[PDB]
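Q: Just dropping this structure here.
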2 protein chains.
Amino acid sequence: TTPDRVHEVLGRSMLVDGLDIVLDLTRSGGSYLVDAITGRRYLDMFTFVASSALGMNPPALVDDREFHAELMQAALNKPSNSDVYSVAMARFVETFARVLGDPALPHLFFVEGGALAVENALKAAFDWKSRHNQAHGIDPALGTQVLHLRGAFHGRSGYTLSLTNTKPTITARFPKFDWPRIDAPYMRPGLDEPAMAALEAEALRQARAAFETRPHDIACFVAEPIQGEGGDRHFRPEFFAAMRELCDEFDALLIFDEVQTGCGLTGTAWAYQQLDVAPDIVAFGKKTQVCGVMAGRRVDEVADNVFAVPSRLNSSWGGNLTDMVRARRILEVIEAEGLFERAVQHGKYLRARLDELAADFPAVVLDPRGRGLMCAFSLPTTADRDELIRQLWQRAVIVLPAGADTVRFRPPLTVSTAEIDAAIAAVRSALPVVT
Amino acid sequence: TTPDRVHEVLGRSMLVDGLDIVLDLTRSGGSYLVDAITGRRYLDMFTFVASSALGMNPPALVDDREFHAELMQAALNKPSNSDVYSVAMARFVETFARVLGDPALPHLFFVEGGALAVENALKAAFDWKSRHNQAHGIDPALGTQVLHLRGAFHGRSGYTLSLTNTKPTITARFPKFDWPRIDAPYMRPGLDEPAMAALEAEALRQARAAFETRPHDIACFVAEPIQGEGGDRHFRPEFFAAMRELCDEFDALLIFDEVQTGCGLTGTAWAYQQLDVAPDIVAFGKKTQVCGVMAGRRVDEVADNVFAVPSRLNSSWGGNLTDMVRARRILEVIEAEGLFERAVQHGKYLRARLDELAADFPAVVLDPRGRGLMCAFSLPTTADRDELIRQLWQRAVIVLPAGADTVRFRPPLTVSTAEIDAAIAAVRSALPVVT
Ligand SMILES: *Cc1c(COP(=O)(O)O)cnc(C)c1O
Ligand SMILES: *Cc1c(COP(=O)(O)O)cnc(C)c1O
């Protein structure tokens with residue numbers, strides 16, 4: 001099978017709606033994807049839907065002969081880490097705890113897939129609430145509902161389909177639980193402090209109303225600290241702090257879905273660290289390669305919780321050992337090279353350029369925004385947005401759409417300022433064409 | 001981190017309830033796991049919960065220098081196969097279709113994880129039923145329920161938690177849909193043809209009753225062709241053939257969950273091929289490394305089904321590329337070495353030995369059964385069963401429990417008759433001790 005036959009071969013078995021290239025696995029490197037058909041290089045602001053921290057074939061992994069041996073060792077087989085432990089696994093878990101750990105959240109659980117990471121956070125919360133109810137004389141059949149936001153994306157699995165509400169295509173015709181959903185009071189341009197406070201107070205009102213009309217039945221509140229797929233919607237720290245207080249008042253856990261924001265993209269290990277809100281459970285994935293949850297805070301108040309009792313949470317594999325070994329090495333690079341700090345500084349650079357774009361194209365480049373390297377801007381209509389992405393593609397720059405009118409940037413943590421300049425130059429070239 | 005410190009390090013972050021060994025990734029081979037602490041060798045009848053087809057470090061993979069290069073290439077990174085295609089991916093898909101494909105089921109979809117494979121089969125069915133309803137003047141809000149069996153195990157995710165019913169520990173305190181569940185008419189010892197027919201007719205009655213009391217609302221019937229976790233319960237081909245007819249009468253899809261039975265364990269690619277029943281959708285995983293579904297038959301009658309319309313099914317990664325590359329090579333070994341046929345012959349050998357065990361220990365070794373290499377027997381009580389497993393462990397043989405009183409054998413497809421003899425000898429030694 002040859003690069004030029006890839007789309008034909010796949011097309012016999014599956015819907016083939018992806019990018020028009022064939023990935024060269026060997027010649028791709030850093031912030032560049034190589035099309036194996038033409039040899040053309042593509043500037044990567046997409047990073048496998050934000051799942052690549054270092055970009056392709058990072059030198060620290062490719063040149064490391066000892067790591068090669070460890071990776072091969074892991075890659076040849078696929079143990080069930082659920083019941084069979086290894087040195088390779090233990091090294092990963094200890095470096096995860098060191099680099100990404102929170103002392104308040106000591107319980108770690110790993111699984112393949114971001115939606116299932118979120119599901120395990122939910123299951124922890126369902127169990128916690130039922131048992132907390134039981135211990136205080138409340139019916140243990142209560143504690144089965146999930147408070148969540150409009151415009152949320154938490155995945156495409158049985159429980160997360162009841163939470164995700166972006167494109168109808170994702171959720172239509174699939175059975176859902178009737179769980180309480182509230183307005184998302186995200187920052188928008190031309191809203192001052194009092195205006196934002198009023199917006200938040202209304203979501204808070206709706207949240208409080210949900211807790212009071214469904215007594216002892218809401219197990220948790222789940223949120224993205226910054227909504228990704230819904231359109232890079234950012235929230236003030238004040239909103240989540242108010243939600244944190246309200247969750248505690250009604251004995252509900254706070255879960256942050258950091259599958260997209262996590263592992264250094266915003267400039268810290270986790271976006272929540274910048275919002276000064278302490279969650280009870282964090283779900284992670286994408287850049288971490290292996291997915292899962294970190295849990296603690298109020299979780300430990302229920303002694304027979306899901307992390308203390310055998311066989312409550314499980315999967316056959318307990319995550320992919322190859323992913324663990326690769327992630328261990330990635331985390332070591334992040335720590336050794338100070339990549340979180342690099343994300344803060346280069347994020348400030350990218351944001352500044354998007355502000356300049358807004359100044360030069362004020363009716364077209366709307367609402368430039370970001371935290372660290374997680375940046376975006378919007379266009380007047382979805383047609384403009386879709387056209388801009390096509391024009392960037394022709395110029396060999398890969399970016400992703402979000403929501404109705406957003407273009408999002410997801411560069412690797414190792415992106416250089418020259419590479420950011422190249423992406424901005426491509427946007428400047430394309431804009432007169434779309435107008 | 002040293003082998004003797006593995007359990008200590010992991011114990012700081014997670015519940016450590018697995019096997020008492022530390023896996024030596026390099027020295028393990030074939031039907032033997034090596035404990036890195038002692039160097040003791042363990043006879044493997046467990047195969048990472050039936051997910052390993054060839055056992056550890058098979059020579060055809062370890063000695064193949066070209067494959068090493070391909071595997072390393074895939075292992076260094078983790079592309080989103082959902083939107084970025086590669087030669088490595090296309091080679092996998094084409095060899096999967098060749099070795100495991102069914103001409104009636106041309107639609108292939110891949111995902112990480114067995115439960116999510118089953119969930120995607122369900123989602124295909126929900127969409128199919130709603131749209132089939134709509135096209136025949138029936139309310140498209142109908143078609144949201146799943147007919148399933150008692151003692152079923154389909155996973156631990158949002159939708160499969162509503163199906164799985166083995167140990168209460170797996171499902172307790174998690175929100176479920178109220179879906180119709182019927183008795184499982186599995187073969188048991190000392191039941192003749194008429195007795196079995198009577199048992200099946202009763203399950204059939206219950207199935208028919210479910211279809212009639214929930215009109216147009218049952219999207220599919222899902223089953224394991226042989227129930228694994230529930231206790232290796234086998235069904236006559238007559239039962240599923242009757243279910244096949246009944247599904248067609250009420251316009252519902254038939255889904256086989258072949259995550260445990262699949263990829264050659266029973267002697268054919270899929271267990272369903274031996275039962276002479278044609279499903280509409282098959283979910284697969286474990287031995288396949290990448291998980292997913294094959295779909296066709298009645299699925300294609302709805303033109304805008306989930307395999308024809310973009311973005312209805314998805315995950316970020318679209319399965320693990322390292323898993324695909326390893327699976328491609330495994331499938332090539334299976335095909336080149338005739339491993340399906342090897343499973344039939346060695347399965348007959350194993351079964352014969354378990355019959356001899358039943359003859360020598362008639363009050364203790366109960367209900368010897370199996371299809372190909374998927375074999376089991378039961379003990380009088382769960383205490384006897386648990387003790388037998390402890391006694392086998394002391395003798396360095398790894399087997400798994402199932403249900404209340406079953407011991408299951410899950411050898412690799414490459415198991416030799418001498419290795420089967422060794423496992424049987426260990427059982428013979430242990431039995432007088434348990435009695
Ligand atoms: C994409 C993502 C998920 C789902 O992860 P998958 O691996 O595709 O299942 C969940 N939450 C957020 C915020 C995500 O970005
Ligand atoms: C174990 C298994 C699954 C679940 O697979 P996971 O990878 O653990 O999610 C589903 N169905 C059957 C029959 C299984 O054996």
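Q: For the rotation bringing A onto B, which A residue has its Cβ nearest the axis, and at how many Å?
A: Nearest Cβ to that rotation axis, in whole Å: A:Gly158, 1.
Q: Let me ask something else about it. Show which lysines lie in cross-link reach of B:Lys286 when reach means a straight Cα distance below 19 angstrom and same-chain residues fewer than eight apart are skipped.
A: The reachable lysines, counting only those whose Cα sits under 19 Å from B:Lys286, are A:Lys78.
Q: A further question on this structure: Can you give me the Cα centroid spacing of region B:233-274 and region A:3-46 in angstrom?
A: Region B:233-274 and region A:3-46 have Cα centres separated by 38 Å.
Q: I would also like to ask the following. How much of the DSSP bridge set in the protein assembly as shown is antiparallel, in percent, rounded to the nearest 5? List each step's numbers first, then the result.
A: On the way: 56 of 86 bridges.
If we restrict to bridges inside the protein assembly as shown, about 65 percent are antiparallel.
Q: Oh, and also: Using alpha-carbon positions, what is the distance between the centroids of region A:137-186 and region B:346-415, in Å?
A: If we compute the Cα centre of each part, the gap is 44 Å.
Q: Additional query: Hey, what number do you get for chain B at 222 nm if only DSSP H runs of n ≥ 4 count, each worth -39500 (n - 2.57), divided across all residues, to the nearest 500?
A: Numbers: 14 runs with 172 residues, N = 435.
Here the helix-only value at 222 nm equals -12500 deg cm²/dmol.
Q: Considering only DSSP beta bridges with both partners in region A:251-375, what is the antiparallel share in %, to the nearest 5?
A: On the way: 6 of 9 bridges.
The antiparallel fraction comes to roughly 65 percent.
Q: Using a label point 7 angstrom from Cα along Cα-to-C-beta, what distances in nm, from shortest up, separate B:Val62 from the other copies?
A: 3.0
Q: Can you classify chain B as rounded, prolate or oblate using the Cα gyration tensor, where a ≥ b ≥ c are the square roots of its eigenvalues, rounded means a/c under 1.5, and otherwise it's prolate if a/b beats b/c and oblate if not? Please report the intermediate quantities before stating the final value.
A: On the way: a/c = 1.74, a/b = 1.20, b/c = 1.45.
Verdict is oblate for chain B.
Q: Right, another one. Based on DSSP, what percent of beta bridges with both residues in chain A are antiparallel, to the nearest 5? It would help to have the intermediate numbers written out before the result.
A: Working: 28 of 42 bridges.
Antiparallel: roughly 65 percent of the beta bridges in chain A.
Q: Can you list the distances in nanometres, one decimal and ascending, from the B:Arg27 label point to the identical position in each other copy, with the point 7 Å along Cα to Cβ?
A: Taking the point 7 Å beyond Cα along Cα→Cβ, the inter-copy spacings are 4.5 nm.
Q: Under the Karplus relation 6.51 cos²θ - 1.76 cosθ + 1.60, θ = phi - 60°, what is the ordered set of whole-Hz ³J(HN,Hα) values for region A:149-154, x standing for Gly and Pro?
A: For region A:149-154, the Karplus-derived couplings read 9, 5, x, 6, 10, 10 Hz, x marking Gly and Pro.
Q: With Cβ to Cβ distances under 14 Å as the rule, what net charge do the other residues near B:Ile420 carry (K, R +1; D, E -1)? Walk me through the numbers on the way to the answer.
A: Numbers: positive: B:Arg342, B:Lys348, B:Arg351, B:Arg353, B:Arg410, B:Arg428; negative: B:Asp44, B:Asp355, B:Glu356, B:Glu419, B:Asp421.
Neighbourhood net charge equals +1.
Q: Now for a different question. Any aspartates and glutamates with Cα under 18 Å of the B:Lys348 Cα? List them, leaving off those in the same chain fewer than 8 positions away.
A: Once the sequence-local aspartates and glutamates are set aside, what remains near B:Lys348 is B:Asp232, B:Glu356, B:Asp367, B:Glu419, B:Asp421.
Q: Using the Cα gyration tensor of region B:219-363, with a ≥ b ≥ c the square roots of its eigenvalues, what is the shape: rounded (a/c below 1.5), prolate (a/b larger than b/c) or oblate (neither)? Each step should come with its number before you reach the end.
A: Numbers: a/c = 2.41, a/b = 1.34, b/c = 1.79.
In terms of gyration-tensor shape, oblate.
Q: For region A:1-73, what does the alpha-carbon gyration tensor say about shape, rounded, prolate or oblate, given a ≥ b ≥ c as the root eigenvalues, a/c under 1.5 as rounded, and a/b over b/c as prolate? List each step's numbers first, then the result.
A: Details: a/c = 2.03, a/b = 1.63, b/c = 1.25.
Note, shape of region A:1-73 comes out prolate.
Q: Please sort by residue number the trypsin sites (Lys or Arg not before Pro) in region B:157-191 whose DSSP state is loop and whose Cβ has at most 16 other Cβ atoms within 10 Å. If you can, show how the numbers build up before the last one.
A: Values: sites: B:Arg173, B:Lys176, B:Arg181; in loops: B:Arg173, B:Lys176.
Sparse-neighbourhood loop trypsin sites (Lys or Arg not before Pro): B:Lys176.
Q: Could you give the nm distance between label points at B:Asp248 and A:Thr417, where each point is 7 Å from its Cα heading toward the beta carbon?
A: Each label point lies 7 Å from its Cα, and together they span 7.1 nm.
Q: If you bin the C-alpha pair distances of region B:151-290 every 5 Å from 0, what whole percents do you get?
A: 2, 9, 18, 22, 22, 16, 8, 2, 0
Q: Can I ask one more? 7 Å from Cα along Cα→Cβ at both B:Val309 and B:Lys167: what's the point-to-point distance in nm?
A: 4.0
Q: Now a separate question. From the mean inverse distance of alpha carbon pairs (Kirkwood) and the Cα radius of gyration, derive Rg over Rh for region A:105-206. Kindly include the intermediate steps, with their values, before the conclusion.
A: Details: Rg = 16.7 Å, Rh = 16.0 Å.
The Rg/Rh ratio comes out at 1.04.
Q: Taking a point 7 Å out from Cα toward Cβ as the label site, list the nm distances between B:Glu245 and the same residue in every other copy, smallest first.
A: Copy-to-copy label distances for B:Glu245: 6.8 nm.
Q: What residue among A:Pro412, A:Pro58, A:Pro168 shows peak mean-square fluctuation when chain A is described by a Gaussian network model with Cα springs under 10 Å?
A: Residue with maximal mean-square fluctuation among A:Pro412, A:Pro58, A:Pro168: A:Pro168.
Q: Can you check what the Kirkwood hydrodynamic radius comes to for region B:310-435, Cα pairs only, in Å to one decimal? Don't skip to the answer; put the middle values down first.
A: On the way: mean 1/r = 0.0608 Å⁻¹.
One over the average 1/r among Cα pairs gives 16.5 Å for region B:310-435.
Q: Additional query: Simple spin-label model, 7 Å along Cα-to-Cβ: A:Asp178 to A:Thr38 in nm?
A: If labels sit at A:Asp178 and A:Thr38, their model points lie 5.3 nm apart.
Q: I would also like to ask the following. What length, rounded to one decimal in nm, is gained on full extension from B:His136 through to B:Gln394, with 0.36 nm per residue of separation minus their alpha-carbon distance? Working shown, then result.
A: Values: separation 258, 0.36 × 258 = 92.88 nm, distance 6.23 nm.
Contour length minus Cα-Cα distance gives 86.6 nm.
Q: At q = 0.08, 0.11 Å⁻¹, what log₁₀ I(q)/I(0) does a Debye calculation on the Cα points of the protein assembly as shown give, no solvent, two decimals?
A: Reported log10 I(q)/I(0), two decimals: -0.71, -1.40.
Q: For region B:40-46, what does the Karplus curve 6.51 cos²θ - 1.76 cosθ + 1.60, with θ = phi - 60°, yield as ³J(HN,Hα) per residue in whole Hz, taken in order and with x for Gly and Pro?
A: 5, 9, 10, 6, 9, 10, 10
Q: If amide hydrogens are placed 1.01 Å from N in the peptide plane, which non-local residues have theirs closer than 5 Å to the one on B:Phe46?
A: B:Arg410
Virtual Cβ from ideal backbone geometry, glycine too; neighbours counted across all protein chains shown. Here, each number is a calculation from the coordinates, and none is a lab measurement.
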